[PDB]
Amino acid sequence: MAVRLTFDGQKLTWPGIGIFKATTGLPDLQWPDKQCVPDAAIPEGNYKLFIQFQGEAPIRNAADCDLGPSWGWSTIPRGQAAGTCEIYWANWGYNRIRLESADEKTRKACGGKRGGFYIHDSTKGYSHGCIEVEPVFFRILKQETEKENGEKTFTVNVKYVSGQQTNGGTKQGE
């Protein structure tokens, strides 16, 4: 399978399946014209998804509640397992998939000064310089990939066609 997701600031599209609510940037930075500010909407371009499932995310510094980087699909320590880091790691969610710039224009965006991008399934209505997606995305990802046998290639193209706020309504409702 080869899947080129698209993200327009409010919706993550899986062609042939459907649409997922999605959000990028901290509360005041959810704007295409702020995409080179740290923790703002992710820069436009092409990114590879690392969907290999690798279990729990590494913990770079538990004392500082600092998760390490990892190039795959990993889970977030939460609840009692996270201890006092729960409040911080709720901003990750329960799942994260690493992204990496995949071509020249994307690697050179913003002078190359931004990075550490992921798709993750927190329900905050914001993201610390990443893409927060409706949690069902990860259930569909698991179900679709576990019924295929060969190589599985996932990318996402980020393209803002509107100046509207890059918030897809992912904050937990009612």
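Note that residue numbering begins at 1 and tracks the sequence as displayed.
- Mean CA B-factor, 25-33 versus 52-60: the higher value falls on 52-60.
- Per the PDB record, of the two stretches 93-101 and 75-83, 75-83 carries the greater mean B-factor over its C-alpha atoms.
- Residue set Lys147, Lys124, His120, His128: peak C-alpha B-factor at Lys147 (per PDB entry).
- Remark: of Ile42, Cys110, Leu141, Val133, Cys110 shows the highest value [criterion: C-alpha B-factor in the PDB entry].
- Residue-level temperature factors show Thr166 in the lowest third of its chain, judged at the C-alpha atom.
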